[PDB]
């Protein structure tokens, strides 16, 4: 398998390629051509030009219909997309079929639809000569949108950014994670076979620092950079676009909490926290790495969760009943294992997991870890405050509502929080006090694509979703007519 860049409607190679590795078994899936600076520049110049081409003559209806045809194109090759994402990431085949690929199709459909329904504002005003004036606003393409996406939900997160960008009439230069370039390379083919005009969508492969990522980010021809990934990388990008005062949208790290109150459905909460901690092998920005449980139910909670955690089938993506795949890479497994060790040193009681499973097959050449649960760390322990991004959670008891609110908020992160309670007052009283972008009550990672999505503090900047995307990916222009 080989992965090429897609630039101005042509698939091209580079002066250097790098390896894409199947994390299940450590085998090489493909060679990926790393776009160099010159190739990045040629991508940005083509996107700039495509704005003055036929793409720019498209009506909002026709533009939307072509976008639906992109979505149709994915559905047409659906099983191939499942396969690509699995290969790259080792995610359960089932998860890719029901979450990753359908969501990516919905991303285009939703923004196409929004592109047709969205309108702007009329403001009337009086003037000293008694004739008055009109102010109306319009949404225009921002211009060239730089897209840099991570490896955890590769197609889902890539299209979450590309779909609104294109729905708003922009052109795109997009750099998917080095770890998961396949689904995106397939998307490039779909764009091509859909008739998407050359230069409208450009795919560049490579890494971050000193590679395609950084180059995109320093290129003066882009109008915006929308980014999803590590919080320190966001800060880096922010400095990098700062001289050109580019528009920026960041969705970054979390150290998310789940809170289980004494009046929760205990069974539901054990299940809910199971999913929030070990979905995608804990490799979601939204996962609950910290969990607080009311003292009256703490032991029974931990017991129930240890049990459910131990039932999880960690194995082949297509293995019957498989709940967990491996981590994305060996690099990332090193990091996580380091935290596993650090938790021990920090005084943690390992309730379950804490190492790597043994398969006695090619999987031992992969990057699996076990779902871990910890107990017994203080609120200041590095393991409770820093993002690990593995299938792991620490559980602590609490006694008071105000106490636990304060403990959830005592963080430099503020992405999401899940709350469990059956009490109507509590649910609304507590939810509005959590200093994050996203609260779920009695569920987790339930997504309505119209809602504003984003974090506070280190967890991000800006919001995406619904009109928040329609606004971010557009110039808002105000036009004032004296009458």
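Residue numbers count along the first chain shown, from 1.
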Going by the B-factors listed in the PDB entry, is the mean over the C-alpha atoms higher for 397 to 405 or for 301 to 309?
301 to 309
With respect to the recorded C-alpha B factors, which stretch has the higher mean value, 167 to 175 or 72 to 80?
72 to 80
For the C-alpha B-factor as written in the entry, point me to the maximum among 223, 279, 202, 338.
338
In terms of CA temperature factor as recorded, identify the highest of 87, 241, 147, 157.
87
Looking at the temperature factor on the CA atom of residue 141, which third of the chain's modelled residues does it land in?
lowest
Pull the Cα B-factor of residue 359 out of the PDB entry and bin it into the chain's lowest, middle or highest third.
highest
Within-chain third of residue 34 by Cα B-factor, per the entry:
highest
Chain thirds of CA B-factor: placement of residue 257:
lowest
Which third of the chain does residue 62 land in by C-alpha B-factor: lowest, middle or highest?
middle
